[PDB]
Structure formats: structure tokens, C-alpha cells
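Chains as they are written, first to last, in full-length UniProt numbering: chain A, 415 to 464; chain B, 5 to 101; chain C, 57 to 69, 77 to 286; chain D, 57 to 69, 77 to 286; chain E, 57 to 286.
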């Protein structure tokens with residue numbers, strides 16, 4: 415796994431109040447995150463199946 | 005079907021005088037049913053549909069309906085800071101919601 | 057600016080279609096509030112998939128006919144006006160070019176006996192129309208000015224009552240549709256046409272709720 | 057949007080079924096409030112096991128018949144429009160393609176005498192309908208464009224009055240049932256249909272409480 | 057949901073609210089519906105201070121108006137997975153000569169299969185794959201409703217023969233009783249084969265229990281009337 419598949423990370427999750435859209439009744443929060451992954455050389459690695 | 009013209013003419017003892025015809029007696033019979041559902045409020049009116057903006061009332065939002073929609077049909081609200089509509093089934097007899 | 061609140065389709069509240084009065088020449092605007100019908104149908108409001116159709120229930124077919132000419136840019140164009148008024152009875156022909164409905168990007172002078180000369184403005188190519196009035200009866204003469212290269216296509220001979228191509232709109236926040244209603248100067252007073260509107264709403268996942276209504280446009284002179 | 061509060065079946069409070084008005088072409092929505100009947104039966108509320116059925120008590124069978132065709136993607140399709148209207152008497156035929164119910168992914172060049180051609184939109188695979196009108200009689204002509212490999216199935220020739228496949232929803236928190244009621248543009252005014260609804264409740268343990276009611280759809284012109 | 061306050065057996069206040077026409081209470085039912093009925097023994101069992109009610113209720117159904125059905129019922133048998141075929145023309149011996157409008161109501165169709173109505177009293181029941189049990193569907197031969205029951209056998213030997221559920225029935229075990237407030241609940245089911253206009257009589261024998269274990273039995277009756285349109 416240390417060479418068959420990689421997982422990239424840029425920024426962890428974030429939480430930001432959204433002033434605007436909050437119409438004085440329902441205060442609305444917003445969250446998000448960025449990340450990713452990709453398969454490297456997919457010769458190291460096999461799958462068992464029935 | 006509510007008031008047959010035979011009962012009124014026999015109650016008021018006015019059936020042999022042509023001065024009270026059927027048309028003038030009809031205008032009378034319409035004047036006693038518009039004031040019966042207006043001093044006591046039993047809605048002797050036919051089905052009407054009102055488009056009506058509601059304006060906020062107080063800190064907790066009293067909403068008084070200007071036409072009392074039936075008893076339990078859900079009145080829908082939209083616009084004015086409300087991003088998505090919602091229904092509301094009101095009081096039968098009263099409009100203070 | 058007309059304003060109609062359409063029926064709410066709730067089993068609740077002379078002719079069928081509502082009325083709209085128009086005078087030959089005007090270009091008015093109409094509003095319709097679909098709030099009473101689409102607000103309980105909680106979705107994404109309305110959509111710009113509306114369609115119109117104009118049908119005539121009384122036409123009184125026109126007396127004079129129209130005509131189409133062709134010319135290039137800058138070159139003077141000449142034409143007659145006598146072969147456009149089929150008169151079953153014998154009567155004089157008081158040719159007239161209304162100053163109100165004259166050309167837009169040119170100039171024309173009326174002859175004494177069914178003559179006119181449309182000299183287009185310098186450096187102008189496109190389509191230009193002007194409405195004549197033969198003995199009270201009104202028609203149109205459409206000429207296209209070509210940039211001398213090959214040719215130009217045929218214009219569609221605008222109808223008595225039309226709805227413009229793309230000037231409609233809709234605000235899904237208040238459930239209101241706006242469109243334009245323009246009447247040709249050749250419309251004959253006393254006639255009646257019928258306009259039909261198919262409005263389609265949308266639910267949360269993308270399905271459709273259709274709604275159809277009609278309006279009776281009665282072309283009457285003087286409002 | 058319609059609304060009906062159903063009877064709670066307690067031995068308590077002209078015709079039997081409720082009244083539902085409809086206009087040819089519309090697609091409306093109906094709400095039913097099963098609260099009065101299922102709330103005393105305290106359980107897990109309602110379940111999505113509703114069943115519908117449409118029956119006709121007045122039909123006036125259609126004058127013009129429907130038809131079906133086929134063509135490959137990108138390929139133009141031609142067909143006839145005259146062998147679909149067997150006329151009893153001998154009279155003329157004024158074919159017409161209603162603009163409000165034309166095709167949705169192409170255009171139709173309706174000829175002069177029951178002839179037409181259908182050019183499907185570029186790179187489009189599916190089914191497409193359009194509603195012709197022969198002497199006022201309305202019938203649909205279904206065309207299924209194939210993605211050039213083999214074929215697509217044959218659609219079921221939508222009924223005059225129908226309920227869509229899956230657009231129903233039941234709120235178990237407020238005991239309210241919603242569905243869509245679409246009426247074909249081929250519906251004939253004056254006819255009466257009958258829609259029966261079988262809604263199933265559920266107890267805490269997993270048994271059923273059935274409930275049946277009916278509605279009388281009266282297809283009337285101008286709402 | 058029906059509700060009934062039973063008479064307290066006090067020799068008085070048995071009028072309460074009664075526009076007298078019969079003895080047994082009235083219950084209106086519509087063919088196909090399955091409702092739940094409530095009865096409150098609080099007025100009769102609370103003075104009898106003891107261990108309240110018990111789960112020893114006994115029901116009985118007898119009809120005072122039958123109007124015997126026109127179309128008979130039938131039975132079908134087939135193994136698991138194998139398609140079944142059957143005829144629907146023998147089930148309607150008609151006295152007069154008239155056509156046979158076979159119809160299958162989509163509301164009372166099968167539950168684990170599908171049925172394709174043929175041209176003349178023929179139908180194909182293809183039971184659901186990987187399914188074994190009993191399944192019915194309610195036909196309608198020219199207005200007269202009857203049920204056709206089919207049992208798919210798990211290919212080993214056979215399955216038994218179900219008892220052809222009656223017009224009106226009370227389920228086997230779907231009742232309950234709350235001794236803290238003396239209220240009995242049960243379910244009242246009416247098959248889609250009941251004829252509108254008939255009236256059946258339902259008798260309920262409810263027995264209480266004292267502080268030591270003796271019995272206080274109570275008997276009352278009800279008149280269920282099969283009426284169309286609720």
C-alpha cells in the first residue's frame with residue numbers, strides 16, 4: 415500500500431459562519447475541506463474474488 | 005334550500021299582497037344571510053381564494069389571517085426572509101396564528 | 057400594464080377567458096401572478112419553458128394586401144402603390160403614408176398617384192418597413208436593403224397581434240411572469256383574437272406541473 | 057392544488080365520491096389528510112403502500128386513433144396523418160399540430176395533406192411525442208428515436224387521465240398523502256372518471272389497517 | 057376508529073345517549089377496509105375492585121342477513137417457481153344467459169405474484185421467485201366478487217388448504233387490554249367479497265377477575281352493517 419496508492423491532503427476541514435443568508439431566524443454555518451487521492455503503479459496489488 | 009319562499013310568506017303572513025314580489029323578497033333573504041354570518045361569523049360565503057402577504061407581529065410572530073382560511077387547510081407562506089415555503093393549518097373559527 | 061391573478065385550481069374561485084383591450088399601434092406589457100397556484104406546490108418556483116399561441120375568432124379579412132421589395136445598400140429603390148388595393152366597387156384612391164408609422168432608417172416621399180420613393184439612409188443595411196393607408200385601409204410595404212454582396216432572406220410579414228420573440232421573464236421568488244403584447248398598426252377595430260399561455264412549474268427533483276390559461280384580446284380603437 | 061380531509065370512519069360525519084375538476088392538458092397535485100383516521104390508530108403512522116386505479120363511467124370513445132413510429136438517431140422520420148382518422152361522412156380534413164403540445168426534442172414540418180416529417184434534435188436518443196388535431200379530434204403520435212444499435216421499448220400510449228409512476232409521497236409525521244394528477248391533452252370535455260385510493264396504515268407490531276376512498280374526476284373545459 | 061362505552065349494569069343510566077331502534081350497537085363498515093374498534097369497560101369493572109380485566113375475550117360472528125353470493129370460490133395448487141394456469145369460467149354458474157366480464161381489481165390483486173387476465177376466463181399466475189406460501193386475488197365476474205386462493209408448495213410434499221376467509225372477521229391475535237384503565241382494543245376486518253346491504257352480528261364476552269381469581273363475565277353485542285361508501 416505504501417506504493418500502490420497515495421492520498422493527498424491540502425487543508426483539513428473548516429467552519430465559517432455565513433453572514434448573509436442568515437435571515438435573522440436561521441443562523442447558517444458553512445463547512446468544507448479539500449483532499450484527494452490517486453492510484454500509483456497498480457501492479458503491486460491483487461484482489462481475491464469468488 | 006335553506007329558506008323556502010313558502011315558509012317566509014307564511015311566517016310573515018304576507019302572501020296575498022303583490023307589493024312583496026319574489027325579487028324584492030329575494031333581496032331581503034340575501035340581506036338576512038349576509039348579516040347572520042357577520043355578527044356571529046358562520047361564513048355563509050362560497051369558496052374564495054386569497055393571495056395575502058402576512059406581516060410579522062411581535063417578537064414571536066403573531067400572524068392574523070384577514071380571511072380565515074377554512075378550518076384546517078394548510079396556508080402556505082413564502083418570501084420575506086423565508087428561503088423555502090412551509091404550510092400551516094390554522095384555528096377553526098379564529099385567525100390568530 | 058395589465059395584471060391578472062390566475063385561478064388557483066383548488067375547486068374554488077360571462078365568457079371563459081379574461082379580457083384585454085388594445086388599440087392598433089400600442090406595445091403594452093402584461094403581468095400574471097401564478098402565486099395562487101404554484102406557492103402550495105413547494106418546489107423550485109417557475110421555469111422559462113412558457114409557450115404562447117395566437118388564434119383568431121374574428122378576423123374580417125383585410126382589404127388591401129401587403130408587398131415585399133428588395134434593394135441593395137445606398138441604391139435608391141422605387142415602387143408603386145396602385146396594385147395593392149383590390150376594390151370590388153369603383154372609388155378614388157387617397158394614397159397616404161402615415162407620419163407616425165413611417166420608415167425607421169430611411170425616408171420616403173409620397174407621389175400624387177400611387178407613387179413613392181424610399182431612399183435609404185447612407186451606410187445602412189437590414190430591413191425597414193413603413194405602413195401605408197389606402198383609403199382608410201392600412202397595410203405595410205416591407206423592403207430589405209442588402210450590402211450589395213449576395214442577397215437577403217424573407218421577413219415574416221408581422222401579424223396583426225403578436226408576442227415578441229424573446230422579451231418574456233419570470234421571477235421565481237414572487238411567482239410572477241412578465242411578457243410583452245404588441246399590436247400591429249394594421250389591426251382592424253372590432254375584431255377579437257385569443258391568446259393561450261402554458262406555464263409549467265417544477266418540483267424539487269425536476270418533474271413538471273403544467274398550467275394553461277387563455278385571454279381574449281379585443282382590438283378596439285380609442286383604448 | 058386540491059385538498060381533501062377524509063372521513064375518519066367513526067360512525068360519524077350529493078354523490079358518494081368527492082369532486083375533482085380538470086382541464087385538458089393540466090398536470091395538478093392533490094393532497095389528502097389521513098390524520099383524522101390514522102391518528103387514533105396509534106402506531107408507526109402511514110406506509111408508502113398506496114394503490115390507485117382509474118375507471119371510466121363516461122368515455123365517448125375517441126374519433127381519431129393514435130399511432131407509433133420508429134427511426135434511428137440523427138435520421139429524419141416521415142409519416143402519414145390521414146390513415147388515422149376514419150371519417151364516417153365525407154368532408155374535408157384540416158390537419159393541425161397544436162403548438163402548445165408540439166415535440167420536445169425536434170421539429171415537425173406538417174405538410175398540406177396529412178403529411179409531415181420529423182427531424183430529431185442533434186445527438187438525442189429517447190422517446191418524443193406531439194399531439195396532432197384532425198377536425199378538432201386530438202390524438203398523440205409517439206416517435207421513439209433509437210441509439211442506432213438495436214431498439215428501444217414501445218411506450219404505453221398514455222391514458223386520458225393518469226397518475227405518474229413515482230411522484231407520490233406520504234408524511235408519517237403529519238399523516239398527509241400527496242400525489243400528482245395529470246390529464247392528457249386528448250381528454251374530451253364532459254367525461255367523468257373515477258379514481259379509487261387504497262391507503263395502508265401500520266400498527267406498532269407490523270399489521271395492516273386498510274382504508275379505501277374514491278374521487279370523481281370531471282374533465283371540463285376552461286377549468 | 058370506533059369507540060363504545062359499555063353499559064355499567066347498574067339498573068339505571070342505561071339510556072345515556074340512545075335513539076332506540078335495536079339492542080346491539082351499530083357499526084358501519086365498507087367492503088375492503090380493516091379498522092380498529094375500542095370498548096371502555098371502565099364503567100363496569102372499576103366498581104368491581106380487583107385485578108382488572110384479563111386477556112380472555114371471546115368473539116363470535118353470526119349473520120342475520122346473508123344474501124348468498126353469486127360466484128363461488130375456488131382453490132389452486134402448484135409447486136414453487138412453476139407457472140400456474142387456471143380457468144375462471146366455471147366459478148359463475150349463471151341462471152340467465154349473459155356475457156362474462158372477468159376483471160381483476162388492482163387493489164385486491166396478488167401480493168407475491170402477478171396475474172395476466174386472458175380473453176375468456178383464463179389467467180396466468182407466475183408466483184414470485186424464491187417464494188413459498190399462500191396467495192390470493194379477488195376477481196369480479198360481472199360485479200359478483202370472489203376470491204381465488206393459490207398455495208405454492210416448497211417442492212417437498214404439499215401445503216395444506218386455507219379456510220376461505222369469511223366476509224367479516226376478527227383477526228386471530230391482534231387484540232389487547234389495558235388493565236390500568238379498562239379499555240379493550242381489537243381489529244374488525246371485512247373482506248372485499250361482502251355484499252353491501254347485509255348486516256352481521258358480533259357478540260363479545262369479556263370476563264373480569266376479582267382480587268382472588270374468581271370471574272366476572274360480561275356479554276354485549278354489536279350489529280356490523282356492510283354498507284357501501286363508508
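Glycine included, every Cβ here is placed at the ideal spot set by N, Cα and C.
Between residue 101 of chain D and the set D/173, D/217 and D/235, the nearest pair of CA atoms involves D/235.
Among the bridge pairs identified by DSSP, residue 215 of chain C is matched with none.
When secondary structure is reduced to three states using DSSP, residue 144 of chain E falls in the coil class, being assigned neither helix nor strand. Residue 81 of chain D sits close to residue 278 of chain D, with the two beta carbons spaced by under 7 Å. Between residue 280 of chain D and residue 83 of chain D, the gap from beta carbon to beta carbon is short of 7 Å. Given a length threshold of 4 residues, each whole run of the alpha helix (DSSP H) inside the region 79 to 139 of chain C is given here in chain order: 98 to 101. Annotated as distal: residue 257 of chain E and residue 63 of chain E, with beta-carbon spacing of 7 Å or more. Taking all protein chains in view, the Cβ of residue 194 of chain E is crowded by 16 or more other Cβ atoms within 10 Å, so the residue is classified as buried.
The Cβ atoms of residue 85 of chain D and residue 282 of chain D sit closer than 7 Å to each other.
Within the same chain, and ignoring the five residues on either side of residue 158 of chain E in sequence, the residues whose Cβ sits closer than 7 Å to its Cβ are 144, 173, 177, 195 and 197. For residue 131 of chain E, same chain residues with a beta-carbon under 7 Å away, outside a window of 5 residues either side, are 205 and 217 in chain order.
The DSSP-derived three-state label of residue 200 of chain E is strand. Listed by position along chain B, the residues whose Cβ is nearer than 9 Å to that of residue 235 of chain C form an empty set, because the closest Cβ is around 10 Å away. Closer than 7 Å to the CB of residue 51 of chain B there is at least one CB belonging to chain C. Cβ-Cβ distances below 6 Å link residue 166 of chain D to 191 and 193 in the same chain, with the five nearest sequence neighbours on each side left out; the list follows chain order. For residue 262 of chain D, the enclosing beta strand (DSSP E) covers residues 255 to 265.
Per DSSP, reduced to three states, the secondary structure at residue 250 of chain C is coil, with no helix or strand assignment. Bounds of the beta strand (DSSP E) holding residue 192 of chain C are 189 to 193. For the region 263 to 284 of chain C, the set of residues with a beta-carbon nearer than 7 Å to any beta-carbon of chain D comprises 270, 271, 272, 273, 274 and 275, in chain order.
With at least 16 other beta carbons inside 10 angstroms of its own, residue 109 of chain D counts as buried.
The DSSP-derived three-state label of residue 12 of chain B is helix.
When secondary structure is reduced to three states using DSSP, residue 43 of chain B falls in the helix class. For residue 271 of chain E, the enclosing beta strand (DSSP E) stretches over residues 271 to 282.
Neighbours of residue 83 of chain B in chain C, taken as residues whose beta carbon is under 8 Å from its own, are 236 and 237 in chain order. Within chain B, no residue has its beta carbon less than 7 Å from that of residue 257 of chain C; the closest one is some 25 Å off. Under the three-state reduction of DSSP output, residue 34 of chain B falls in the helix class. Beta bridge pairing from DSSP links residue 58 of chain C with C/93.
The alpha-carbon separation between residue 223 of chain D and residue 179 of chain D amounts to approximately 24 Å. Comparing alpha carbon positions, the residue from D/262, D/270 and D/284 closest to residue 98 of chain D is D/262. Taking C-beta atoms as the reference points, residue 169 of chain C and residue 189 of chain C fail to come closer than 7 Å.
Secondary structure note for residue 428 of chain A: its beta strand (DSSP E) is the uninterrupted segment 419 to 431. At the C-beta level, residue 201 of chain E and residue 264 of chain E stay beyond 7 Å of one another. Out of E/243, E/286, E/238 and E/244, the CA that lies nearest to the CA of residue 106 of chain E is found in E/238. Residue 84 of chain E has a beta carbon lying within less than 7 Å of a beta carbon in chain D. Among the residues facing chain C, residue 93 of chain D is not included, as its CB has no counterpart in that chain under 7 Å away.
Non-local C-beta neighbours of residue 160 of chain D in its own chain, meaning closer than 7 Å and more than five positions away in sequence, comprise 171, 173, 193 and 195, ordered along the chain.
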